[PDB]
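Report on the structure given below.
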Amino acid sequence: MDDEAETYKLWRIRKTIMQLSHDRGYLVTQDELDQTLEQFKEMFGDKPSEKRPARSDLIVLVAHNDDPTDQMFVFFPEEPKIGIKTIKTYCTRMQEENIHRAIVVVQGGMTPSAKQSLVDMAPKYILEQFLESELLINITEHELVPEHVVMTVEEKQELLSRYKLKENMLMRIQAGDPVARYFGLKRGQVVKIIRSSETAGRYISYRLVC
DNA sequence: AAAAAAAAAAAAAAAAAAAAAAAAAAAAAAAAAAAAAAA
């Protein structure tokens with residue numbers, strides 16, 4: 001019962017990770033998005049107890065459409081509580097592969113010293129983290145979550161020039177928001193929210209990531 | 001007839017329920033530094 005449930009939750013977490021990577025604009029093929037449970041069992045195995053697949057076997061390397069040298073690692077550590085040793089191992093892998101972006105799918109949580117390592121390591125390499133329970137649901141597919149589109153600096157500048165706005169006068173969204181963590185939004189970006197309206201059909205609002 | 005002690009009148013004085021945020025204390029795992037055993 002452990003092997004089948006573990007394979008099912010690993011397949012669901014991998015599907016959510018690949019949908020998250022496709023929503024961020026990274027190069028993801030259609031068969032990876034439409035990968036079934038039986039396809040996952042054929043490709044990676046179905047017995048997670050005897051390392052089929054291993055937790056280090058499910059590492060996901062993905063690249064961006066516009067800039068092919070901007071890539072993401074997705075790590076799947078097997079330890080439930082993550083120390084500084086595995087974080088340092090992943091960081092050394094990031095220097096020796098020259099990649100600035102990675103997401104660590106932790107199981108239980110992280111030590112606060114490792115969180116401080118993520119904080120002060122941040123403006124050279126971005127090292128995000130995600131719980132396993134948070135990645136069992138694609139948040140953007142919920143009926144209460146409208147469409148979120150990340151904007152470039154040109155669209156933000158055009159918005160502030162058109163509406164005569166300053167950046168502090170806009171609405172705000174926290175950096176710890178599940179949608180902002182899903183899209184990987186850093187501080188200063190502006191997210192465009194397109195929602196359905198019952199009086200005008202649809203409505204576009206703008207929020208500043210703080 | 002002048003001086004002193006006790007009694008009474010006049011004047012100042014002090015004596016209810018709910019809910020959220022912040023502070024605190026025991027605990028508890030983690031991580032860096034110091035001492036000991038062995039090759």
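Here the first sequence is numbered in PDB author numbering, starting from 1 and rising by one per residue. Here a beta-carbon is modelled for each residue, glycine too, at the ideal position from N, C-alpha and C.
Check                                                                                                                       : Outcome
With DSSP collapsed to three states, give me the class of residue 214.                                                      : It is not possible to answer for residue 214, since the shown part of the chain is limited to 1 through 210.
Which of helix, strand or coil does DSSP assign to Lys9?                                                                    : helix
Within 10 angstroms of the Cβ of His142, are there 16 or more other Cβ atoms? Answer buried if so, exposed if not.          : exposed
Looking at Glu78: is its Cβ nearer than 7 Å to the Cβ of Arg55?                                                             : yes
Output the boundary residues of the alpha helix (DSSP H) element that contains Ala180.                                      : 178-183
Reducing DSSP to helix, strand and coil, say where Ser197 ends up.                                                          : strand
Exposed or buried, what is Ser205 when buried is set at 16 or more other beta-carbons lying within 10 Å of its beta-carbon? : exposed
On the three-state DSSP scale, how would you describe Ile84?                                                                : helix
For the 8 Å Cβ check, are there 3 or more pairs between the region 102-111 and the region 119-129?                          : yes
To the nearest angstrom, how far is it from the Cα of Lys9 to the Cα of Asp31?                                              : 19 Å
Helix, strand or coil: how does DSSP classify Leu127 here?                                                                  : strand
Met121 to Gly83, Cα distance in whole Å?                                                                                    : 15 Å
Can you give the Cα-Cα distance for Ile87 and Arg195, rounded to whole angstroms?                                           : 39 Å
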